[PDB]
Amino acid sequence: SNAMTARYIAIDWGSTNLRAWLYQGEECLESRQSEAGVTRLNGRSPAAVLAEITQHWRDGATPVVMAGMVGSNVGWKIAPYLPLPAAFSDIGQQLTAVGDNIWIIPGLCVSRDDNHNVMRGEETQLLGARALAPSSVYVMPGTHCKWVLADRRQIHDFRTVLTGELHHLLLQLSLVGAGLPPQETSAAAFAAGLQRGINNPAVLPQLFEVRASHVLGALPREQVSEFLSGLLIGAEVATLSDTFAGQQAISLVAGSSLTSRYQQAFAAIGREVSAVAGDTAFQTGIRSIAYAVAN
């Protein structure tokens, strides 16, 4: 029978935001959002919150497929990590059942002497990127950036870099950014940071120099955020690029602003990327799981 005529509900349930979509095939019939992330439920059960946000959408036959922190230990029910290497096709065959045709997508893990790593949520965008922009290497930037090695059937390995988080920590909570004025866009400061980070993957001494540079007048006070961003992204790409080698274009999975920052970083070290929007990758990935459940 034809899965494209099947209704399904896609959920992305984070620690602080909840997004829900009702789909029929590639048609998004309705979408809803709530501030009721899993650590912000304000005393309600996850089951009650899901029923509220899917009100008038449910009808017995319609599966609910959920990604993200809803399957963590602070979520509804633990969906245990799948250890790597794992087939792309394992994800959709290993869903955690929470009752009544409601399913949680598990994250992925790696556990060996030289690599301990987890992801939860990004596997769903990965599945989408595998359909939309296949590669041996996927880079998925954000607060935490995932770099993933895969072939056409299996996900082999990944690493995580705290780029967005560290930018936040350094600019807004640390002495590096203390006392700065409102921050402005600067293509030149970003480009200069990028060059500095690319040449200093062993980046630790460079962090304080961002502050000293603005104190001594070599970096305008309004351009610190942009310089810091370039430094961290540059150091990230120089650290991992030769370890995530590939003839094929890295497939870069992110929103449009951050895509173009990483494209610029990759161009400064001579690497080609194919870009796929994070939201498109998410929905294509979720859909692949919903079609398995409705098969």
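Residue numbers run from 1 along the displayed sequence.
Higher average CA B factor: 43-51, of the stretches 229-237 and 43-51. If you average the C-alpha B-factors over 29-37 and over 239-247, the higher value belongs to 239-247. The residue among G217, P205, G71, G142 whose C-alpha carries the highest B-factor in the deposited model is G217. Among all modelled residues in this chain, the alpha-carbon of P80 has a temperature factor (C-alpha) in the middle third.
When the CA B factors of the chain's modelled residues are split into thirds, the value for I9 lands in the lowest one.
In the deposited entry, the Cα temperature factor of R112 sits in the top third of values across the chain's modelled residues. The deposited CA B-factor of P106 belongs to the lowest third of values across its chain.
When all modelled residues of the chain are sorted by CA temperature factor, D100 is found within the highest third.
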